[PDB]
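The chain below stands alone and is given in structure tokens; this is the form deposited in one PDB entry.
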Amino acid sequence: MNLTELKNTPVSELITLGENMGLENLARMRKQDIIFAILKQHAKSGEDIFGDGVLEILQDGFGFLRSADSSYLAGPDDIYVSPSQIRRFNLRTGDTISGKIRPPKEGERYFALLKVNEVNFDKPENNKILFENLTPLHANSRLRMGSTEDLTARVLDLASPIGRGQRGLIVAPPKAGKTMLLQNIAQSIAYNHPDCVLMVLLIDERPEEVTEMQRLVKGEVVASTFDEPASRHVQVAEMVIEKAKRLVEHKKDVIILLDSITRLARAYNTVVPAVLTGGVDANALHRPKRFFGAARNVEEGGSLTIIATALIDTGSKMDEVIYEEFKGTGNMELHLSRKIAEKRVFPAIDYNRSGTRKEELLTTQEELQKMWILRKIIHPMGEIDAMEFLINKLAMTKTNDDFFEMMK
């Protein structure tokens, strides 16, 4: 009846509730392999099979529909779309095509697309692409974040005020709390602004840390693992950013929580050839600069906001040079010191140097004069002790009267 079901359903409910259709031996069949053998048996005799996925136009002329569940990996369970179907409808990589599918004829090998119900959560009626929309400022609306899973969200709203559509960069050494900071920020998105679309992207990630991430975040989670080829990392990032573009064309506010822009740039460097000072090829950091460069604040309606992690102190010469490039391109900085976290103080934020560009119109009027002086009294603090001056007064009330009573 549906494809959105079979791809996500338990892996063993296919040999229990699908084998009873009369199949030979599903001993060593991959997840997507069996789903193909079930659809190519359910549809053969009078049915109404639905189908959905995200479009990826290849190079020749056609483009398949890929599963967001499989991190956009390609298998037998992909819906084929004819070049002629990319003609009548103005199709661009990143479109969510939902419609009635059909079994292969004789030699097609890929389930083809027939009827097209909704193109990007809407009937085929087309508008203004991202490359045409004006880009005035990151600051229009703000996304603000005495419990426990709010104490790190508290210093986030004080150090680096996030905006509804903003280029964000988190600079953190390994083991400072970055892979756990994203699952902290993502939590406070569906707990404050559930209207926003959420996509978490993890490039060159650890397998067991992917599962922890997807079973904790309220939204879409796509990732690549450190065993997958350099070309694979490119695809997932090329799929997420192109899809998020299609939604922003539809006035929708999208947020991307990218992890490892360095490991993403390290991927592009490996694929894009052709002049390499510091390990990285000079004419290669163009592609990852474009990814991060898309995060804007559309005037015509919409919001693209990427907050990516720029890894430092990896030891590798390459990862060091990648940050040197992005240093100031983003208009939001959130540092994590590997000395505050060293002494088991884990909200390890270098508050002193974590400001945002043009934060004057990102907040309420009566908020700046206190925020600056609140830092002017934290300027001569330091490292470990600095995160003890703004954690004790923070442990009391919410955010407002945090510095009201105690001001001797």
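Position 1 is the first residue in the sequence shown; the rest follow in order. In this text, the rigid core denotes the largest set of C-alpha atoms whose superposition between the two forms falls within 1.5 Å.
Missing deposited residues between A274 and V275: 1 to 3, all without coordinates in the entry.
According to the PDB entry, the deposited sequence contains 1 to 3 residues between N126 and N127 that lack coordinates. Relative to its counterpart among 232-240 and 276-284, 276-284 has the higher mean temperature factor, C-alpha atoms as listed in the PDB entry. Look at the mean CA B-factor for 60-68 and for 349-357 in the entry; the higher one is 349-357. Between the residues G75, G328, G146, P207, it is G146 that shows the highest Cα B-factor in the PDB record. Looking only at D150, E324, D195, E212, the residue with the top Cα B factor in the deposited structure is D150. Compared with the other modelled residues of the chain, the Cα B-factor recorded for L55 ranks in the lowest third.
Split the chain's modelled residues into thirds by C-alpha temperature factor. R246 is in the lowest one.
Per the PDB record, residue ranking by Cα B-factor puts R296 in the lowest third of the chain. For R154, the recorded CA temperature factor ranks within the highest third of the chain's modelled residues.
Beyond what is shown, the protein has a form deposited in another entry; the following relates to that form.
In a rigid core superposition between this form and the one not shown, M29 is the single residue of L374, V345, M29, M381 whose Cα is displaced by 2 Å or more. Annotation: Cα of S45 displaced by at least 2 Å between this form and the one not shown, core superposition. With the core held fixed, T397 shows a CA shift below 2 Å between this form and the one not shown.
Note on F403 and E366: their C-alpha atoms are nearer in the other form, a change of at least 3 Å from this conformation.
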